[PDB]
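Have a look at the structure below, then the notes.
Whatever order the structure lists them in is the order used to number ligands and atoms, beginning at 1. Proteins get letters first, then strands, A, B, ... in listed order; numbering begins at 1 in each.
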Number of protein chains: 2
Amino acid sequence: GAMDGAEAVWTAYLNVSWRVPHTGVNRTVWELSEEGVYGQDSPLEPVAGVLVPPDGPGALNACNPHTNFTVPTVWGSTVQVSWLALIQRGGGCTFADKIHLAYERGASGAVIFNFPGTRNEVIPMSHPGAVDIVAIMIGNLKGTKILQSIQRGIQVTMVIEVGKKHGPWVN
Amino acid sequence: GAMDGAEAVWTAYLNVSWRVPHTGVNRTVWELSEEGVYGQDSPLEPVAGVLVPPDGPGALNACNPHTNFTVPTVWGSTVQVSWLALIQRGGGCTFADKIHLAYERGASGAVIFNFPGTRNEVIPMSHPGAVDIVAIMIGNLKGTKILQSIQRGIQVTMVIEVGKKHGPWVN
Ligand SMILES: *[C@@H]1O[C@H](CO)[C@@H](O)[C@H](O)[C@H]1NC(C)=O
Ligand SMILES: *[C@@H]1O[C@H](CO)[C@@H](O)[C@H](O)[C@H]1NC(C)=O
């Protein structure tokens, strides 16, 4: 019938910032919200970084274990800035596959977004084989909005923080 | 939005038998069904016994830690037959409280039934402090039907078996 609240699910607070060009030197649009949920096997801790999707048409699912990301570097070196992999759900591979790849590429967290037609729906992720970095899910609409901004050359930064506990049913 | 499939939830197969009087020597009505779910912290194993609710008006919640049960015995001794405590959800105490009491009274399992107005709805139970015996939840309507039969002097026996796994979301 309804198998919700079997285990605690923790929401995430997201503070998302867009680097808007051409309207004045410091201008950023930012949205603070409680959307997204930490994966069930995620470290429960904050993380922040520049959002980076997989390269190329159409590798958005990061199923291919040789999937590449184009990651910004620190001025004057080859060292990566702190970054979060932005990866679409689906494509025939697991949450653990996507989250593990993110970690192996040096990402500080993995932001999985739900697939087309699910709107703003988020679900809990099970990924006990991939626990090294923060992993959250966000909705399709928010993920798409972010991905399109990035594809249009806008840098998008996200700070993720531990949100609120939902469940389990104790009475 | 919808926090279902965070952790595997296992259904139970129930084989419930009523000892019907006055229609012939062996007559039993029995219903076999997949309803009910094992608690999240229940042993995942079969159990069988006579169903026994708490004594008295209206101790159906078994909140009182001195709650009593009237348990049938083996012919000629004081040894209890195998039995399952039939306990209503609610009353201001936890699933663990009810399940722990059942164990302390010698029950081989605890069958929690959902409260009035929930119809046939069952939810997962969290009870990590009470893991000694099989614990399941069944719906209000089935629990009420069983309780009333017992109150009307009909012995009701239940065999509980491991059912089917639902969740968690891996992709
Ligand atoms: C991934 O990135 C590098 C580019 O040199 C390479 O290892 C591999 O061939 C690339 N292509 C794909 C489709 O993953
Ligand atoms: C419970 O059962 C026995 C009956 O002698 C006793 O320990 C206790 O007073 C009883 N009453 C209630 C309401 O639990």
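- Under a 3.5 Å cut-off, the side chain of B/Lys98 and the backbone N or O of B/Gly90 do form a donor-acceptor pair.
- At least one donor-acceptor pair under 3.5 Å links the side chain of A/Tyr38 to the backbone N or O of A/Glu45.
- For the pair A/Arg105 and A/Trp83, the NZ or CZ position fails the cation-pi test of under 6.0 Å to the six-membered ring centre and within 45 degrees of the ring normal.
- A/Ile123 contributes atom CD1, which lies 9.5 Å from atom CD of A/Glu121 (distance to the nearest 0.5 angstrom).
- In terms of modelled atom types and a separation under 3.5 Å, the side chain of B/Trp10 and the main chain of B/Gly39 share no donor-acceptor contact.
- For the pair A/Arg27 and A/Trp18, the cation-pi test (distance below 6.0 Å, angle within 45°) is failed.
- Contact shell of ligand 1 (protein heavy atoms, cutoff 4.0 Å): A/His66, A/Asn68.
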